[PDB]
Amino acid sequence: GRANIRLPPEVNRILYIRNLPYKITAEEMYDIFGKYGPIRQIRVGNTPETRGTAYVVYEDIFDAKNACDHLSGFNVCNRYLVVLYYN
Amino acid sequence: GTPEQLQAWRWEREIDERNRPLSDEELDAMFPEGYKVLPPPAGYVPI
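Residues numbered from 1 in each chain as written, not as in the entry; some residues may be left out. Chains lettered and ligands numbered in written order. Heavy atoms only, no water.

As recorded in the entry header, the structure was determined using solution NMR.

Some details on the overall build of chain B
Secondary structure summary: chain B contains 1 helix and 1 strand in total. With the C-alpha coordinates of chain B rotated into their principal frame, the extents come out at 85 × 25 × 20 Å. Across the 47 residues in chain B, those meeting the buried criterion constitute 9%. Working note: accessible area of chain B is about 5,400 Å², and carbon and sulfur atoms make up 55% of it. Averaged over its 5 positive side-chain charges, chain B has a centre that lies 2 Å from the centre of its 10 negative ones. (Helix = DSSP H or I, 4+ residues; strand = E, 2+ residues; numbered from the N terminus. Buried < 20%, exposed > 50% of the residue type's maximum accessible area, 1.4 Å probe, protein only. Areas by Shrake-Rupley, 256 points an atom, 1.4 Å probe, with all protein chains shown as cover. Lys, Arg positive; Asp, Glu negative; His and termini not counted. Charge placed at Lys NZ, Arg CZ, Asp CG, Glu CD.)

Some words on the packing of aromatic side chains
All told, the structure shown has 3 aromatic pairs over all chains when counted by the stated rule. Relative to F31(B), the ring of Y55(A) lies with its centre 5.9 Å away and its plane at 70°, an arrangement referred to as edge-to-face. Of this pair, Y55(A) sits in strand β3 (residues 54–58) while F31(B) sits in the loop between α1 (26–30) and β1 (35–37), placing the two residues on different chains. Exposure remark for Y55(A): the relative accessible area of 16% places this residue in the buried category. Residue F31(B) is classed as buried on the basis of its relative accessible area, which comes to 9%. Between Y55(A) and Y35(B), the aromatic rings sit 5.2 Å apart at their centres with planes inclined by 75°, giving edge-to-face as the arrangement. Of this pair, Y55(A) sits in strand β3 while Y35(B) sits in strand β1, each in a different chain. (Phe/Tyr/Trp six-rings, centres within 6.5 Å; stacked < 30°, edge-to-face > 60°.)

With respect to the sheet that holds strand β2 (residues 39–45) of chain A
One open sheet accounts for 5 strands, arranged β6(A)-β1(A)-β3(A)-β2(A)-β1(B); its pairing is antiparallel. Looking at strand neighbours, the two that pair on one side only are β6 (82–85) of chain A together with β1 of chain B, the edges of this open sheet. Pairs of neighbouring strands in the sheet enclose a mean axial angle of 30°, with direction left out of account. In the packing of helix α1 (residues 26–33) of chain A onto the sheet, contacts are made with β1 (14–18), β2 and β3 of chain A, and the angle to β2(A) comes to roughly 135°. (Pairing = 2+ DSSP bridges. Axes fitted to C-alpha atoms, helices over the stretch in contact; angles between N-to-C directions. Contact = heavy atoms within 4.5 Å.)

So, the nonpolar core
In this structure, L15(A), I17(A), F33(A), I42(A), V56(A) and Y58(A) are the most contacted members of the largest nonpolar core, which totals 16 residues. Looking at this core, the elements with two or more residues in it are β1, α1, β2, β3 and α2 (62–70) of chain A. Setting aside residues up to four positions removed in sequence, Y58(A) forms contacts with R13(A), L15(A), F33(A), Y36(A), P38(A), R40(A), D63(A) and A64(A). Of all hydrophobic cores here, the second largest spans 7 residues; its members include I14(A), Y55(A), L27(B) and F31(B). (Core = buried A, V, L, I, M, F, W, Y, C linked by side-chain atoms within 4.5 Å.)

What about the interface of chain B and chain A?
Each partner contributes to the interface: chain B provides 16 residues, whereas chain A provides 21 residues. Of the roughly 1,800 Å² buried between chain B and chain A, counting both surfaces, carbon and sulfur atoms make up 65%. Broken down residue by residue, the surface that chain B buries against chain A is led by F31(B), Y35(B) and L38(B), which jointly contribute 40%. Viewed at the interface, chain A and chain B are joined by 2 salt bridges. Where chain B packs against chain A, one counts 10 residue pairs in polar contact. Mapped onto the side of chain B that touches chain A, the elements with two or more residues apiece are α1 and β1 of chain B. Its residues assigned to classes, the side of chain B that touches chain A shows 11 nonpolar, 1 polar and 4 charged. (Buried area = accessible area lost by both parts, 1.4 Å probe. Salt bridge = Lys/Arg side-chain N within 4 Å of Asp/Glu carboxyl O. Polar contact = N/O pair within 3.5 Å; in protein donor to acceptor, adjacent residues only side chain to side chain. Nonpolar A, V, L, I, M, F, W, Y, C, P; charged D, E, K, R; others polar.)

Right under this line is the structure:
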């Protein structure tokens, strides 16, 4: 059996983001991700093959999934972002 | 004179233990390699 219920088990509080700008500060990131509520913790790529992408951690799974949808196709600095879950 | 000698053995896996629950520290173990932490800027005072 495979039914359809909201708040799916395939999602976690850890959200992967792609197409992030190469030049950004914590100042901007806390203003962007904090727009939806409190943020648990953030890390950013520091190697040549990680820079440009990052994973964010929300305090809840509810608020995470709420913003996950509303942040899909969001355009900033004339570029669109991409959201994915932690597998 | 006697060529006194010895032998060597091995050991199996370690005994049971009780790993911590899904605490904050597991987030470090779950994050990919090459990702530095992003703490907030010093003196940040939002509204």
